[PDB]
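Below: the structure, in structure tokens.
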Amino acid sequence: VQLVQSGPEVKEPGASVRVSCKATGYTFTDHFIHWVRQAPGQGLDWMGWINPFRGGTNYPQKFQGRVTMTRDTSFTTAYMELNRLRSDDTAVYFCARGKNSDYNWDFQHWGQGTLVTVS
Amino acid sequence: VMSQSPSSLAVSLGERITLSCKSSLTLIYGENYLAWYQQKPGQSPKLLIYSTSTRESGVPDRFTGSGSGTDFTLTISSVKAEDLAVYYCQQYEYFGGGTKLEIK
Amino acid sequence: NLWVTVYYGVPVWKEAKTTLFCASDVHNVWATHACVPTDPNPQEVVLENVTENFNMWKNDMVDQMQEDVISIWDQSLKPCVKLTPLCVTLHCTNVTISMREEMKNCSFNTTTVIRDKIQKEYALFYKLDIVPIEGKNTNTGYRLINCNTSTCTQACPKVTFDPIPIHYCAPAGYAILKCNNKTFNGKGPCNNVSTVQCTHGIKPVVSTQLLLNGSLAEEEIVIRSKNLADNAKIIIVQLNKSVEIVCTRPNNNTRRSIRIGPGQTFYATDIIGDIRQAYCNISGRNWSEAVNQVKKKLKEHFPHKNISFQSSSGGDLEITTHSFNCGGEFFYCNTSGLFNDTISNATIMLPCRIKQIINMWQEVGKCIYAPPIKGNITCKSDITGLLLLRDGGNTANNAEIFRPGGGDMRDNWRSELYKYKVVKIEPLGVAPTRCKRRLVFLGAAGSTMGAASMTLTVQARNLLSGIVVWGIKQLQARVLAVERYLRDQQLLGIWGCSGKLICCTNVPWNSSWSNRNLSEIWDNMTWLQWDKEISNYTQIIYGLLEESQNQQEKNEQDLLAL
Amino acid sequence: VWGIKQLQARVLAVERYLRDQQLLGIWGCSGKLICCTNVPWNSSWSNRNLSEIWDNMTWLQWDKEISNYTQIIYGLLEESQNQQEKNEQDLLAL
Amino acid sequence: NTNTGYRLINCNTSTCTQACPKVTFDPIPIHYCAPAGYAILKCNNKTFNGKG
Amino acid sequence: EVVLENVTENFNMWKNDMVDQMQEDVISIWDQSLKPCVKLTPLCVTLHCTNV
Ligand SMILES: *[C@@H]1O[C@H](CO)[C@@H](O[C@@H]2O[C@H](CO)[C@@H](O[C@@H]3O[C@H](CO)[C@@H](O)[C@H](O[C@H]4O[C@H](CO)[C@@H](O)[C@H](O)[C@@H]4O[C@H]4O[C@H](CO)[C@@H](O)[C@H](O)[C@@H]4O)[C@@H]3O)[C@H](O)[C@H]2NC(C)=O)[C@H](O)[C@H]1NC(C)=O
Ligand SMILES: *[C@@H]1O[C@H](CO)[C@@H](O[C@@H]2O[C@H](CO)[C@@H](O[C@@H]3O[C@H](CO)[C@@H](O)[C@H](O[C@H]4O[C@H](CO)[C@@H](O)[C@H](O)[C@@H]4O[C@H]4O[C@H](CO)[C@@H](O)[C@H](O)[C@@H]4O)[C@@H]3O)[C@H](O)[C@H]2NC(C)=O)[C@H](O)[C@H]1NC(C)=O
Ligand SMILES: *[C@@H]1O[C@H](CO)[C@@H](O[C@@H]2O[C@H](CO)[C@@H](O[C@@H]3O[C@H](CO[C@H]4O[C@H](CO)[C@@H](O)[C@H](O)[C@@H]4O)[C@@H](O)[C@H](O[C@H]4O[C@H](CO)[C@@H](O)[C@H](O)[C@@H]4O)[C@@H]3O)[C@H](O)[C@H]2NC(C)=O)[C@H](O)[C@H]1NC(C)=O
Ligand SMILES: *[C@@H]1O[C@H](CO)[C@@H](O[C@@H]2O[C@H](CO)[C@@H](O[C@@H]3O[C@H](CO[C@H]4O[C@H](CO)[C@@H](O)[C@H](O)[C@@H]4O)[C@@H](O)[C@H](O[C@H]4O[C@H](CO)[C@@H](O)[C@H](O)[C@@H]4O)[C@@H]3O)[C@H](O)[C@H]2NC(C)=O)[C@H](O)[C@H]1NC(C)=O
Ligand SMILES: *[C@@H]1O[C@H](CO)[C@@H](O[C@@H]2O[C@H](CO)[C@@H](O[C@@H]3O[C@H](CO)[C@@H](O)[C@H](O[C@H]4O[C@H](CO)[C@@H](O)[C@H](O)[C@@H]4O)[C@@H]3O)[C@H](O)[C@H]2NC(C)=O)[C@H](O)[C@H]1NC(C)=O
Ligand SMILES: *[C@@H]1O[C@H](CO)[C@@H](O[C@@H]2O[C@H](CO)[C@@H](O)[C@H](O)[C@H]2NC(C)=O)[C@H](O)[C@H]1NC(C)=O
Ligand SMILES: *[C@@H]1O[C@H](CO)[C@@H](O[C@@H]2O[C@H](CO)[C@@H](O)[C@H](O)[C@H]2NC(C)=O)[C@H](O)[C@H]1NC(C)=O
Ligand SMILES: *[C@@H]1O[C@H](CO)[C@@H](O[C@@H]2O[C@H](CO)[C@@H](O)[C@H](O)[C@H]2NC(C)=O)[C@H](O)[C@H]1NC(C)=O
Ligand SMILES: *[C@@H]1O[C@H](CO)[C@@H](O[C@@H]2O[C@H](CO)[C@@H](O)[C@H](O)[C@H]2NC(C)=O)[C@H](O)[C@H]1NC(C)=O
Ligand SMILES: *[C@@H]1O[C@H](CO)[C@@H](O[C@@H]2O[C@H](CO)[C@@H](O)[C@H](O)[C@H]2NC(C)=O)[C@H](O)[C@H]1NC(C)=O
Ligand SMILES: *[C@@H]1O[C@H](CO)[C@@H](O[C@@H]2O[C@H](CO)[C@@H](O)[C@H](O)[C@H]2NC(C)=O)[C@H](O)[C@H]1NC(C)=O
Ligand SMILES: *[C@@H]1O[C@H](CO)[C@@H](O[C@@H]2O[C@H](CO)[C@@H](O)[C@H](O)[C@H]2NC(C)=O)[C@H](O)[C@H]1NC(C)=O
Ligand SMILES: *[C@@H]1O[C@H](CO)[C@@H](O)[C@H](O)[C@H]1NC(C)=O
Ligand SMILES: *[C@@H]1O[C@H](CO)[C@@H](O)[C@H](O)[C@H]1NC(C)=O
Ligand SMILES: *[C@@H]1O[C@H](CO)[C@@H](O)[C@H](O)[C@H]1NC(C)=O
Ligand SMILES: *[C@@H]1O[C@H](CO)[C@@H](O)[C@H](O)[C@H]1NC(C)=O
Ligand SMILES: *[C@@H]1O[C@H](CO)[C@@H](O)[C@H](O)[C@H]1NC(C)=O
Ligand SMILES: *[C@@H]1O[C@H](CO)[C@@H](O)[C@H](O)[C@H]1NC(C)=O
Ligand SMILES: *[C@@H]1O[C@H](CO)[C@@H](O)[C@H](O)[C@H]1NC(C)=O
Ligand SMILES: *[C@@H]1O[C@H](CO)[C@@H](O)[C@H](O)[C@H]1NC(C)=O
């Protein structure tokens, strides 16, 4: 089970940026996939999960109306998209998965982490 | 909000240390749990403690977790060189202030 | 002194996995070629002085029947005609003769009865199942959605999906328990418990964001979750005042049969009159009352937050909107009109959309094509409960919100099965006694061992044969129960206690096993509690008894050797 | 296509036989064929000439009227067995 | 037109199957046996109407 | 075979279960035996015919 991401990103203010998360090694449709953004010198914060089973999602009110999550069962890959960029966005992002379905709140497997920046 | 204080400490190798994670949920209801996650700068964080005191597989037992209800503690019997890193506690979506350890 | 003594038929049980079986009441799927006639009445029995616990979430019945529904569905669909050849170019235009992108008209070459005879043929489709052939020229070009993914099947026209109120019955040696308390969270202790043999007729209904029909909670509004703290875990809320609702397809439709192959006929859609997208009606005036009541109930669990509802967060069509079936026609109604911080005092109507190719469950191998149904159609029903999912971020404003969700078909059945629970029986009890050798099924469990011992024969006789893709199940059940019963009988025989129920023996009781007040044991204790510690020394006891029998027999023969 | 049939047949026959054996056992008449018991005959069931019954009648004809009171008889026999067993244990309680 | 044109009867109705050449239909004198606990009875009278 | 004198009985050959029982049995054995053989589907093609 490995978690991979796409290369870093740079974009102008006011645009929208997309990033990918490729997963392998187990049933891609059995575990919530979580997203966490870390700015330099800041604590890990939750952005939202997506359940691969049927594309359900969730988001905190902080990011609501700004995020979009989608899945491709063909390539078992998650896509995140953030709109109306602004410096705060600039940070690293990690897609993670939980050890057990029942708890669905741990994080054993982490992608290498991908950085994005504005301008 | 879950609180991890202090933010750091002028540690020295070979000492028993313990840091406190204090929750703020104290509401509704098994029973609430905690997760001590490790992370060195520049790499993926790592899982150290899950549940409340069941440490992760392969972790030196000197790393330990304890507590209940609202007061919990990451603990180390004797801090080694590689152990100097950052750590956080996580009960739910929220995360603590973390802590990093170093020398003068 | 005291003496080991056996009793056969003691009323004790233990939870464990099993396999219940269907029970039904002239062409429907489940009743036909399956299911035995239902018991006219429940032989329900009340068990006072009996406390228990339940875990509706971690349950086997729900999951058990899940794949059962799946399998019956698939098997019923097995013999119908495969629509394989239809995956052909689709030269299409705009519908109507008197742009309405809700449906597109199309025409295409295709195969007659004869291989080398090819004919053109037209048909109307909802824009959903159609797709552009490619990102290429010939905008008229299109293909069915599934073809680049997999094939589908035209359901046999005769079969229907009217959910029958199926019952479930357990096999002998097993009992089904109901927590009578009408305010049980679904995971926890229960005090008022009854026992029945077959589950009440439950309809195998499917829906998202809604619980059509089902049942109310007569007491009040009910809320239950595995853990409402964990935002991810689903929440289910059951209403105590069913809310009427209706939906309809205001169109006059009819099917054109096309012999695609030699004996295989597709059923293309066609319309008579104009085209008006389906819709619904609901008395929002009714809606607001239940909304406010459930909001107060939520506040009870969240004394420092507000309460609201928004549309589905977004995702797959079925999850996003409310999907359901109406007389075998799949409907998807945009539910933004409901989950809002504001409604009207007037009736509320909803715009829905209709699909003809259906992925009944995420795996695509079972892709189905819904045949069109002649003439307009309309279904009236009611709401009893609904599934909610919390946002998961503590707003400083404390504006706590929930959104519709679902998609986990198990939860639908859980919504009702939470009441039931299944256990087995281990009728072999052991106790000390001074002796030395030489109906209301299971009701007596409400008393102590010495007193309850009177009616053991009822449990003994009942537990055997009271019963009288599919066969395998019941055959396994019967064979396994029979094997268990034979095992127990043989164990009784080896102990030389065959043909008896309060058989005394010749092994004195051992202090180490326990030293309780025998008076309490026979008058203050109950088997369910008695067995707990005795469990430890069971094998030692069995060995001692077997040796006793062996030595008795051998000595008898020796003294009678001549 | 084939196995299912004979498997059903064998299982059902075995179940029936076990049911009958168990019914014999509860009546405490296991390991017997002319088991006498401790429930006196009731006149209401019938009052035929016992001589005819044992020397003039045949079972196919005997059973016809007896069918009526079968369940009452079964209950009486079961109670007889239960009371016999419980009383035995009581007198041997010590 | 094309009176030479013809088709198999079933095609406009349904398909059919070519029986495996090896199999044959010689009716074997099958016997039927009842399961235990059941008995098979024969009316010896050779002039029985069949109902009576 | 066993003879049972002093035994009278009755029969209803018409309303009987054995006949019906074996009916579908024959049908099923027939169909199953025909199951593995080759389907003649493709033959449903134009037939340009003449006199034999
Ligand atoms: C059920 O029915 C309800 C009732 O209408 C639906 O709710 C409405 O949904 C629509 C669609 O989202 C929504 O319209 C959007 O409102 C947003 C509020 O700010 C707008 O930001 C958004 O703008 C985009 O769409 C417009 C029209 O499609 C475009 O004109 C606009 O330029 C935006 O699209 C372009 O620009 C963005 C900018 O980044 C770009 O990313 C895009 O790719 C594109 O280039 C829409 O105006 C309504 O506001 C909703 N109604 C209410 C009352 O809120 C609901 O969607 C239905 N759901 C289902 C499942 O049926
Ligand atoms: C929740 O409960 C409500 C309340 O019952 C459910 O709503 C009912 O749903 C049933 C089933 O869809 C529906 O039954 C129809 O009622 C019509 C009213 O007159 C009948 O005319 C109609 O008869 C036709 O369909 C039957 C289906 O088998 C046939 O048996 C019957 O012979 C008729 O058949 C015609 O159509 C078929 C179609 O192929 C054709 O082959 C025949 O030749 C013939 O032309 C149904 O009996 C009720 O009307 C609904 N009642 C209300 C108030 O809505 C609701 O469905 C439940 N919840 C869910 C999710 O389903
Ligand atoms: C059978 O055919 C269907 C046809 O839909 C295939 O599904 C489509 O597959 C294509 C390519 O595989 C997908 O293309 C992607 O579309 C994005 C935008 O369109 C989608 O999103 C809008 C949003 O409203 C929808 O309206 C629209 O219908 C599409 O769903 C593009 O932006 C994508 O490119 C971007 O993302 C990639 C990866 O993140 C980046 O690398 C790119 O640089 C770019 O930023 C992409 O091109 C399309 O989305 C699919 N649609 C659907 C509905 O699934 C099936 O895959 C196919 N299956 C088989 C087995 O044949
Ligand atoms: C597969 O193909 C077969 C081809 O035979 C079809 O069967 C024929 O279907 C046609 C039309 O469906 C039938 O046409 C009728 O024929 C009558 C006279 O011919 C029949 O009777 C003579 C008597 O000797 C036969 O020799 C001859 O083979 C035919 O069987 C016409 O007089 C009929 O019209 C009259 O009756 C109707 C209704 O009562 C009236 O309304 C008319 O006004 C008129 O008085 C009619 O045209 C033909 O009989 C069928 N033949 C057979 C053998 O079945 C199958 O239907 C087809 N099936 C599929 C699934 O494709
Ligand atoms: C769902 O509910 C909606 C309404 O909530 C309903 O559609 C409405 O139906 C009524 C009919 O009961 C329509 O009322 C019309 O009002 C106009 C005045 O603006 C009248 O002129 C109309 O008169 C015609 O219809 C009468 C009906 O008896 C005739 O008697 C008369 O001679 C005329 O032919 C009519 O009364 C109303 O307009 C519609 N709504 C809309 C938006 O058009 C719908 O039928 C319900 N459907 C279901 C399945 O419950
Ligand atoms: C305990 O549960 C039982 C059964 O669930 C309840 O008994 C029913 O009570 C209603 C109301 O009087 C009657 O209409 C039913 O006929 C009763 N059924 C049976 C089987 O007893 C009982 O009322 C409940 N009691 C408490 C205190 O909860
Ligand atoms: C029915 O079950 C509910 C819970 O499902 C019981 O509620 C308890 O009520 C007592 C008395 O007020 C409280 O002390 C407990 O804290 C409650 N527990 C819960 C989980 O709500 C209720 O007592 C039960 N009553 C009956 C008659 O069954
Ligand atoms: C459904 O359950 C709710 C649960 O509250 C009931 O609301 C209570 O109703 C009683 C009497 O009707 C009032 O005394 C309470 O104050 C109400 N509770 C609240 C929080 O307001 C409601 O009446 C029930 N209705 C039905 C039809 O079952
Ligand atoms: C909610 O819908 C129901 C269902 O139509 C309405 O029920 C009516 O209630 C009144 C009040 O006594 C009765 O007189 C009617 O006979 C009921 N009709 C039916 C069909 O049940 C109820 O009025 C609606 N509530 C609101 C607030 O509109
Ligand atoms: C359930 O338990 C209660 C007490 O545990 C039993 O109460 C007995 O009731 C009878 C009838 O009046 C009294 O003579 C007894 O003295 C009561 N018991 C005690 C300990 O005082 C009740 O009988 C039990 N019911 C069942 C069906 O077992
Ligand atoms: C009654 O039926 C039995 C059997 O169907 C007849 O017995 C057979 O009689 C023939 C002729 O003598 C013998 O060859 C057979 O060996 C006998 N078989 C058996 C089993 O008995 C008998 O003859 C018939 N009698 C009458 C009066 O009908
Ligand atoms: C065999 O069966 C036939 C009828 O199947 C019997 O025929 C009866 O013969 C008596 C004597 O003549 C008549 O009184 C009846 O009217 C006849 N009944 C019928 C239905 O034909 C015959 O008696 C039987 N005989 C034997 C030896 O079995
Ligand atoms: C529907 O169409 C059929 C056939 O076109 C016609 O007989 C019937 O009267 C129509 N009824 C309605 C309500 O459209
Ligand atoms: C609920 O909303 C009201 C106004 O709509 C507001 O005054 C109140 O503070 C809110 N409750 C919470 C817990 O924030
Ligand atoms: C609905 O009517 C009630 C009175 O029955 C009123 O208090 C409420 O404000 C009304 N709301 C709307 C949205 O019409
Ligand atoms: C469906 O059509 C029939 C006549 O074809 C008509 O009587 C009936 O009212 C229609 N159904 C609805 C819901 O309008
Ligand atoms: C049985 O009785 C003996 C008698 O002393 C005692 O030592 C022993 O602990 C008892 N229990 C077992 C399991 O042997
Ligand atoms: C013996 O019984 C006690 C309490 O009944 C239990 O804790 C213990 O596990 C038992 N020993 C064994 C070996 O099961
Ligand atoms: C049994 O004997 C009693 C004795 O009087 C009699 O009243 C009764 O009718 C008999 N039969 C039954 C079925 O009780
Ligand atoms: C009792 O027996 C008579 C004759 O044997 C019969 O007519 C009657 O139906 C029987 N009663 C019942 C309840 O079966």
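The chains in the structure tokens are called A, B, ... from first to last as shown; in each chain the residues are counted from 1, and the ligands are counted from 1 in the order shown.
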Sorted by chain and rising residue number, list the residues of chain F at most 7 Å from chain E (counting only C-alpha atoms), each with its closest atom pair and distance in Å to one decimal, as CSV.
```
residue,atom,partner,partner_atom,distance
F:10,CA,E:52,CA,5.4
F:11,CA,E:51,CA,5.5
F:12,CA,E:51,CA,4.3
F:13,CA,E:50,CA,5.2
F:34,CA,E:19,CA,6.0
F:37,CA,E:20,CA,5.0
F:38,CA,E:18,CA,5.8
F:39,CA,E:17,CA,4.6
F:40,CA,E:17,CA,5.4
F:41,CA,E:15,CA,6.0
F:44,CA,E:11,CA,5.9
F:45,CA,E:7,CA,6.6
F:46,CA,E:7,CA,5.9
F:47,CA,E:6,CA,4.8
F:48,CA,E:4,CA,4.9
F:49,CA,E:4,CA,4.8
F:50,CA,E:4,CA,6.5
```
Just-selected residues, N, CA, C and O atoms written as an mmCIF file, in the first residue's frame:
```cif
data_model
loop_
_atom_site.group_PDB
_atom_site.id
_atom_site.type_symbol
_atom_site.label_atom_id
_atom_site.label_comp_id
_atom_site.auth_asym_id
_atom_site.auth_seq_id
_atom_site.Cartn_x
_atom_site.Cartn_y
_atom_site.Cartn_z
ATOM 1 N N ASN F 10 -58.683 -47.700 -1.686
ATOM 2 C CA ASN F 10 -59.234 -47.020 -2.847
ATOM 3 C C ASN F 10 -58.110 -46.271 -3.541
ATOM 4 O O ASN F 10 -57.057 -46.009 -2.959
ATOM 5 N N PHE F 11 -58.351 -45.931 -4.803
ATOM 6 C CA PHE F 11 -57.367 -45.231 -5.608
ATOM 7 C C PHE F 11 -58.063 -44.186 -6.465
ATOM 8 O O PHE F 11 -59.254 -44.291 -6.772
ATOM 9 N N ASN F 12 -57.291 -43.174 -6.855
ATOM 10 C CA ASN F 12 -57.730 -42.156 -7.811
ATOM 11 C C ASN F 12 -56.561 -41.947 -8.766
ATOM 12 O O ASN F 12 -55.691 -41.106 -8.527
ATOM 13 N N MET F 13 -56.551 -42.713 -9.855
ATOM 14 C CA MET F 13 -55.449 -42.608 -10.799
ATOM 15 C C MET F 13 -55.380 -41.218 -11.413
ATOM 16 O O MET F 13 -54.286 -40.672 -11.587
ATOM 17 N N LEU F 34 -29.547 -31.838 -23.173
ATOM 18 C CA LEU F 34 -29.358 -30.982 -24.336
ATOM 19 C C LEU F 34 -28.522 -29.746 -24.039
ATOM 20 O O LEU F 34 -28.125 -29.048 -24.977
ATOM 21 N N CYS F 37 -24.799 -29.181 -25.774
ATOM 22 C CA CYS F 37 -24.638 -29.301 -27.211
ATOM 23 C C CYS F 37 -24.556 -27.918 -27.853
ATOM 24 O O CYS F 37 -24.833 -26.890 -27.232
ATOM 25 N N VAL F 38 -24.161 -27.907 -29.117
ATOM 26 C CA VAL F 38 -23.844 -26.677 -29.829
ATOM 27 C C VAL F 38 -25.130 -25.972 -30.228
ATOM 28 O O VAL F 38 -26.070 -26.604 -30.721
ATOM 29 N N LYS F 39 -25.165 -24.658 -30.029
ATOM 30 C CA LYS F 39 -26.274 -23.847 -30.507
ATOM 31 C C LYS F 39 -26.083 -23.524 -31.983
ATOM 32 O O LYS F 39 -24.979 -23.187 -32.417
ATOM 33 N N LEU F 40 -27.166 -23.622 -32.750
ATOM 34 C CA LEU F 40 -27.138 -23.413 -34.191
ATOM 35 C C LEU F 40 -27.492 -21.983 -34.582
ATOM 36 O O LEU F 40 -28.000 -21.760 -35.685
ATOM 37 N N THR F 41 -27.213 -21.018 -33.717
ATOM 38 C CA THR F 41 -27.658 -19.642 -33.900
ATOM 39 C C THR F 41 -27.286 -19.062 -35.260
ATOM 40 O O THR F 41 -28.163 -18.560 -35.972
ATOM 41 N N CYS F 44 -29.258 -18.762 -39.004
ATOM 42 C CA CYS F 44 -30.433 -17.996 -39.393
ATOM 43 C C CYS F 44 -30.054 -16.976 -40.453
ATOM 44 O O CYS F 44 -30.084 -15.767 -40.205
ATOM 45 N N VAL F 45 -29.695 -17.457 -41.641
ATOM 46 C CA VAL F 45 -29.227 -16.607 -42.723
ATOM 47 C C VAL F 45 -30.019 -16.936 -43.977
ATOM 48 O O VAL F 45 -30.579 -18.024 -44.118
ATOM 49 N N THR F 46 -30.056 -15.971 -44.894
ATOM 50 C CA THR F 46 -30.784 -16.145 -46.142
ATOM 51 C C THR F 46 -30.507 -17.518 -46.734
ATOM 52 O O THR F 46 -29.402 -18.049 -46.614
ATOM 53 N N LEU F 47 -31.525 -18.097 -47.364
ATOM 54 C CA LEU F 47 -31.465 -19.457 -47.896
ATOM 55 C C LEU F 47 -31.904 -19.414 -49.353
ATOM 56 O O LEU F 47 -33.102 -19.399 -49.643
ATOM 57 N N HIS F 48 -30.940 -19.399 -50.269
ATOM 58 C CA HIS F 48 -31.258 -19.421 -51.691
ATOM 59 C C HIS F 48 -31.490 -20.869 -52.101
ATOM 60 O O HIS F 48 -30.557 -21.674 -52.106
ATOM 61 N N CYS F 49 -32.727 -21.208 -52.446
ATOM 62 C CA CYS F 49 -33.131 -22.600 -52.547
ATOM 63 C C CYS F 49 -33.648 -22.925 -53.939
ATOM 64 O O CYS F 49 -34.053 -22.046 -54.703
ATOM 65 N N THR F 50 -33.619 -24.218 -54.252
ATOM 66 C CA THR F 50 -34.109 -24.759 -55.509
ATOM 67 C C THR F 50 -34.711 -26.131 -55.231
ATOM 68 O O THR F 50 -34.772 -26.590 -54.084
#
```
> So which residues touch region 67-75 of chain D within 10 Å, counting only C-alpha atoms, skipping near sequence neighbours fewer than 4 positions away, as a list in words?
Replying inline: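 Non-adjacent residues within range: residues 23, 27, 39, 41, 42, 44, 45, 46, 62, 63, 79, 80 and 81 of chain D.
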> If you run DSSP on the backbone, which residues of region 92-264 of chain C are strand (DSSP E or B), as a ChimeraX atom specification?
Replying inline: /C:92-94,103-111,118-126,130-132,141-144,153-154,166-169,174-179,187-190,193-196,198,202,211-212,222-225,235-249,253-261,264
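Proximity to chain A was assessed for C:468, C:235, C:534, C:399 counting only C-alpha atoms; the smallest distance is recorded for C:399.
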>> If the cut-off is 6 Å, can you tell me the residues of chain C near chain D, counting only C-alpha atoms? I'd like them as a PyMOL selection string.
In response: chain C and resi 434-435+499
Selection from above, N, CA, C and O atoms, as a PDB file, in the first residue's frame, can you write it?
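Result went into part.pdb, see below:
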```
ATOM      1  N   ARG C 434     -27.475 -32.917  46.887  1.00  0.00           N
ATOM      2  CA  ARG C 434     -27.200 -33.896  47.932  1.00  0.00           C
ATOM      3  C   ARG C 434     -27.389 -35.325  47.433  1.00  0.00           C
ATOM      4  O   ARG C 434     -26.804 -36.259  47.993  1.00  0.00           O
ATOM      5  N   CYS C 435     -28.186 -35.516  46.383  1.00  0.00           N
ATOM      6  CA  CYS C 435     -28.461 -36.859  45.890  1.00  0.00           C
ATOM      7  C   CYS C 435     -27.183 -37.526  45.407  1.00  0.00           C
ATOM      8  O   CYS C 435     -26.233 -36.868  44.982  1.00  0.00           O
ATOM      9  N   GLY C 499     -32.580 -40.756  28.462  1.00  0.00           N
ATOM     10  CA  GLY C 499     -33.934 -40.936  28.952  1.00  0.00           C
ATOM     11  C   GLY C 499     -34.159 -40.340  30.321  1.00  0.00           C
ATOM     12  O   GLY C 499     -34.840 -40.947  31.152  1.00  0.00           O
TER      13      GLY C 499
END
```
>> Taking only C-alpha atoms and all ligand atoms into account, list the residues no farther than 6 Å from ligand 5, as a list in words.
In response: residues 247, 248, 281 and 347 of chain C
Take the residues from that selection and write them out as a PDB file, in the first residue's frame, keeping N, CA, C and O atoms.
```
ATOM      1  N   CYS C 247     -45.082  11.487  -6.027  1.00  0.00           N
ATOM      2  CA  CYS C 247     -44.281  11.803  -7.194  1.00  0.00           C
ATOM      3  C   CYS C 247     -44.945  11.176  -8.404  1.00  0.00           C
ATOM      4  O   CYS C 247     -45.709  10.216  -8.287  1.00  0.00           O
ATOM      5  N   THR C 248     -44.662  11.740  -9.573  1.00  0.00           N
ATOM      6  CA  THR C 248     -45.297  11.245 -10.784  1.00  0.00           C
ATOM      7  C   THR C 248     -44.500  11.658 -12.008  1.00  0.00           C
ATOM      8  O   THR C 248     -43.716  12.616 -11.982  1.00  0.00           O
ATOM      9  N   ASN C 281     -44.690  16.191  -5.015  1.00  0.00           N
ATOM     10  CA  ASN C 281     -45.472  17.083  -4.173  1.00  0.00           C
ATOM     11  C   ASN C 281     -45.305  16.654  -2.725  1.00  0.00           C
ATOM     12  O   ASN C 281     -45.267  15.454  -2.425  1.00  0.00           O
ATOM     13  N   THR C 347     -47.807  23.675  -0.248  1.00  0.00           N
ATOM     14  CA  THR C 347     -47.266  22.448  -0.804  1.00  0.00           C
ATOM     15  C   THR C 347     -45.966  22.741  -1.534  1.00  0.00           C
ATOM     16  O   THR C 347     -45.782  23.813  -2.114  1.00  0.00           O
TER      17      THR C 347
END
```
>> If the limit is 7 Å from any atom of ligand 15, counting only C-alpha atoms and all ligand atoms, which residues qualify? Return them as a PyMOL selection string.
In response: chain C and resi 285+342-345
>> If we count only C-alpha atoms and set the cut-off at 7 Å, which residues sit around region 541-557 of chain C, ignoring sequence neighbours fewer than 4 positions away in its own chain? Please answer as a list in words.
In response: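 Residues meeting the cut-off are residues 494, 495, 496, 506, 507, 537 and 561 of chain C.
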Kindly save the residues from that selection, with N, CA, C and O atoms included, as a compact mmCIF listing (two decimals), in the first residue's frame.
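Result went into result-v6.txt, see below:
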```txt
# COMPACT_ATOMS: atom_id res chain seq x y z
N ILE C 494 -23.54 -41.22 26.91
CA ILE C 494 -22.27 -41.67 27.47
C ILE C 494 -22.26 -41.45 28.97
O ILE C 494 -21.77 -42.28 29.74
N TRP C 495 -22.82 -40.34 29.42
CA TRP C 495 -22.99 -40.10 30.85
C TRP C 495 -24.03 -40.98 31.46
O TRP C 495 -24.38 -40.78 32.63
N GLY C 496 -24.55 -41.95 30.71
CA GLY C 496 -25.51 -42.88 31.26
C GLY C 496 -26.79 -42.23 31.74
O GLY C 496 -27.56 -42.86 32.46
N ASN C 506 -22.80 -40.20 40.30
CA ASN C 506 -21.97 -40.71 41.38
C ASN C 506 -20.63 -40.00 41.48
O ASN C 506 -19.65 -40.59 41.94
N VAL C 507 -20.55 -38.74 41.04
CA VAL C 507 -19.35 -37.93 41.19
C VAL C 507 -19.65 -36.83 42.21
O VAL C 507 -20.47 -35.94 41.91
N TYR C 537 -14.60 -25.23 34.73
CA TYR C 537 -14.28 -26.61 35.07
C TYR C 537 -15.12 -27.61 34.29
O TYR C 537 -15.24 -28.77 34.70
N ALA C 561 -19.88 -61.10 35.61
CA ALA C 561 -19.07 -61.75 34.59
C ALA C 561 -19.50 -63.20 34.38
O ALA C 561 -19.62 -63.66 33.24
```
